[PDB]
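K.L.:
The structure's right below; bear with me while I get my questions together.
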Amino acid sequence: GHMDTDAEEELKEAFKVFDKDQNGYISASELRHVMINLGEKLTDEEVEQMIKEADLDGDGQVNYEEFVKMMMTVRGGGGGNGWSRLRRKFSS
Ligand SMILES: [Ca+2]
Ligand SMILES: [Ca+2]
């Protein structure tokens, strides 16, 4: 087995869902909407903190590249408290 890839489709599919606007850029607005829909009530501070951690250019928006790398790290590497919370409530 060890085929893997389950990440490519997972990250890609999820990313496509996160970016409702489909502009290729995730914003606190979309992130917050997803968190709320998940039955979670997080404050803007938590959302902003997540963007800052992932955002390396502080453009107020997270690009696909920032998402993939961030997801790759949080997986074994570890990230902030928000990303870890999402990556924790997901698989395990
Ligand atoms: Ca967007
Ligand atoms: Ca960014």
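Lettering and numbering for the structure tokens are positional, with chains as A, B, ... in the shown order, residues counted from 1 in each chain, and ligands counted from 1 in the shown order.
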Within 10 Å of ligand 2 (counting only C-alpha atoms and all ligand atoms), which residues show up? I'd like them as a ChimeraX atom specification.
P.N.:
/A:25-27,51-67
K.L.:
Mind listing the residues within 8 Å of ligand 1, only C-alpha atoms and all ligand atoms counted, as a PDB file with C-alpha atoms, in the first residue's frame?
P.N.:
```pdb
ATOM      1  CA  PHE A  18     -13.119  26.280   2.781  1.00  0.00           C
ATOM      2  CA  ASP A  19     -12.884  28.797  -0.048  1.00  0.00           C
ATOM      3  CA  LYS A  20     -16.611  29.197  -0.638  1.00  0.00           C
ATOM      4  CA  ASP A  21     -15.902  32.253  -2.764  1.00  0.00           C
ATOM      5  CA  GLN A  22     -13.588  30.026  -4.800  1.00  0.00           C
ATOM      6  CA  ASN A  23     -11.093  32.880  -5.130  1.00  0.00           C
ATOM      7  CA  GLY A  24      -8.163  30.688  -4.104  1.00  0.00           C
ATOM      8  CA  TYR A  25      -7.804  32.735  -0.915  1.00  0.00           C
ATOM      9  CA  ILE A  26      -9.187  31.806   2.499  1.00  0.00           C
ATOM     10  CA  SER A  27     -10.295  34.715   4.692  1.00  0.00           C
ATOM     11  CA  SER A  29     -14.850  35.277   7.014  1.00  0.00           C
ATOM     12  CA  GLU A  30     -14.781  31.873   5.332  1.00  0.00           C
TER      13      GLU A  30
END
```
K.L.:
When DSSP works through the backbone of this structure, what residues of chain A end up as helix (DSSP H, G or I), shown as number ranges by chain?
P.N.:
A: 6-18, 28-37, 44-54, 64-74, 81-90
K.L.:
Using only C-alpha atoms for the distances, tell me which of A:14, A:7, A:70, A:86 is nearest to residue 46 in chain A.
P.N.:
A:86
K.L.:
Between CA of residue 47 in chain A and CA of residue 80 in chain A, what is the spacing in Å?
P.N.:
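These two atoms are separated by 11.1 Å.
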K.L.:
Under the rule that only C-alpha atoms are counted, which of A:2, A:32, A:87, A:12 is the nearest residue to residue 74 in chain A?
P.N.:
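Smallest separation from residue 74 in chain A among the options: A:87.
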K.L.:
Write out as a list in words the residues lying within 12 Å of residue 89 in chain A, counting only C-alpha atoms and excluding same-chain residues fewer than 2 positions away.
P.N.:
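These residues fall inside the cut-off: residues 35, 38, 39, 40, 82, 83, 84, 85, 86, 87, 91 and 92 of chain A.
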K.L.:
So that I have them on file, write out the residues from the current selection with N, CA, C and O atoms, as a tab-separated table (two decimals), in the first residue's frame.
P.N.:
```tsv
chain	number	residue	atom	x	y	z
A	35	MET	N	-16.13	27.24	10.88
A	35	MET	CA	-16.05	26.88	12.28
A	35	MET	C	-17.43	26.91	12.92
A	35	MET	O	-17.77	26.04	13.72
A	38	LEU	N	-19.55	24.11	11.96
A	38	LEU	CA	-19.08	22.89	12.63
A	38	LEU	C	-19.61	22.83	14.05
A	38	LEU	O	-19.28	21.91	14.81
A	39	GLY	N	-20.44	23.80	14.42
A	39	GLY	CA	-21.02	23.84	15.76
A	39	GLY	C	-20.01	24.36	16.77
A	39	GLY	O	-20.10	24.06	17.96
A	40	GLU	N	-19.04	25.14	16.29
A	40	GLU	CA	-18.01	25.71	17.16
A	40	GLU	C	-18.10	27.23	17.16
A	40	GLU	O	-18.20	27.85	16.11
A	82	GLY	N	-5.15	27.07	17.04
A	82	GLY	CA	-6.34	26.97	16.21
A	82	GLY	C	-6.20	25.84	15.19
A	82	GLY	O	-7.11	25.02	15.02
A	83	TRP	N	-5.07	25.81	14.49
A	83	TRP	CA	-4.83	24.79	13.48
A	83	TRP	C	-4.83	23.41	14.12
A	83	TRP	O	-5.41	22.47	13.58
A	84	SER	N	-4.17	23.30	15.27
A	84	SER	CA	-4.11	22.03	15.98
A	84	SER	C	-5.51	21.59	16.40
A	84	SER	O	-5.82	20.40	16.38
A	85	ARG	N	-6.34	22.56	16.77
A	85	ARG	CA	-7.71	22.24	17.18
A	85	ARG	C	-8.50	21.65	16.03
A	85	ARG	O	-9.27	20.70	16.21
A	86	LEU	N	-8.32	22.22	14.84
A	86	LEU	CA	-9.03	21.73	13.67
A	86	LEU	C	-8.47	20.38	13.22
A	86	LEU	O	-9.22	19.47	12.87
A	87	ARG	N	-7.15	20.27	13.23
A	87	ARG	CA	-6.50	19.04	12.81
A	87	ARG	C	-6.69	17.95	13.86
A	87	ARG	O	-6.48	16.77	13.59
A	91	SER	N	-9.20	14.01	12.22
A	91	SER	CA	-8.87	12.60	12.33
A	91	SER	C	-8.72	12.20	13.79
A	91	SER	O	-9.58	11.52	14.35
A	92	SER	N	-7.61	12.62	14.40
A	92	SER	CA	-7.36	12.30	15.80
A	92	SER	C	-6.25	13.18	16.36
A	92	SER	O	-6.57	14.22	16.92
```
K.L.:
What is the CA of residue 37 in chain A-CA of residue 4 in chain A distance in Å, reported with one decimal?
P.N.:
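One can read the CA of residue 37 in chain A to CA of residue 4 in chain A distance as 29.0 Å.
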K.L.:
Quick check, in Å to one decimal: how far apart do CA of residue 42 in chain A and CA of residue 8 in chain A lie?
P.N.:
27.4 Å
